[PDB]
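Okay, here we've got a single chain as structure tokens, the form deposited without the named molecule, with questions on binding and movement later.
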């Protein structure tokens, strides 16, 4: 089937910078012919080559192409000039989730349940496709116009066949003990995010990267008294040192028992994207 002739930088009115990575920068752009707002990720080839990140960029482009679900940022086009790589991404109008965490303090039982369910529904999909995020954090979970999640940053994503260490606060213990990640890394990360939604802060916190890692392996963290009981139980079934005993993994019989947890008693999994998100306090 004949696809539209490659896009060019000149087809856009580039605007404000939205994000700044080490290898990339994300710019808000408006397609002139169509009036559309894309989040264009700009990567400089020389730097990618120099810093030996070609397989990283390849993987990213390949993984985003494989994704087709409403809780994920979509890839529309890719084009390149003499010095840069451009990725045409979906523009989440309301930005990062961390913005809403920091802005309202911490989430109520209804909000924590709805966004947790959206993240679970998203991971069930991603894992269904045998893809692992490897760096799931509130900085990577964005909010669209509708206030529904849109997961991004697939640079570090890994496609399983039959390495990289993410953000310190969300690193699972096994990553510090064998340098090996699986579906269970993403479930440990989810355990942190939930703790972060209820208590307004990540679970493991310390003066530097070393003390954080020390806390993670020792499993040194504690629930504030003002924490929902049902959410507390869920967080304890996820922040488990034994990677094979995390609620949601294949050893634990997958996503069935996770979605089945009392903290999601009222959640209707089958149509979250169609549901009207609760008002953020």
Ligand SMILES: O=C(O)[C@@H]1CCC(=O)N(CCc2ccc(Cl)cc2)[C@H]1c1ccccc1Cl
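Positions refer to the first chain, counted from 1.
Omitted from view is the form solved in complex with the named molecule, to which the following refers.
Colleague: Considering the named molecule in the deposited bound form, find the one stretch among 113-121, 187-195, 85-93, 173-181 with heavy atoms no farther than 4.5 Å from it.
Modeller: Looking at the partner contacts, the answer comes out as 85-93.
Colleague: Just to confirm, residue 125 within 4.5 Å of the named molecule in the deposited bound form by heavy atoms?
Modeller: Looking in the deposited bound form, residue contacts with the named molecule do not include residue 125, since no heavy atom lies within 4.5 Å.
Colleague: Is residue 57 one of the residues lying within 4.5 Å of the named molecule in the deposited bound form, judged by heavy atom distances?
Modeller: Looking in the deposited bound form, residue contacts with the named molecule include residue 57, since a heavy atom lies within 4.5 Å.
Colleague: Quick check on residue 48: any heavy atom within 4.5 Å of the named molecule in the deposited bound form?
Modeller: Residue 48 belongs to the contact set for the named molecule.
Colleague: Decide whether residue 61 counts as a contact residue for the named molecule in the deposited bound form under a heavy atom distance cut-off of 4.5 Å.
Modeller: Yes.
Colleague: Across 70-84, which residues bring a heavy atom to within 4.5 Å of the named molecule in the deposited bound form?
Modeller: Residues within 4.5 Å: 78, 79, 80.
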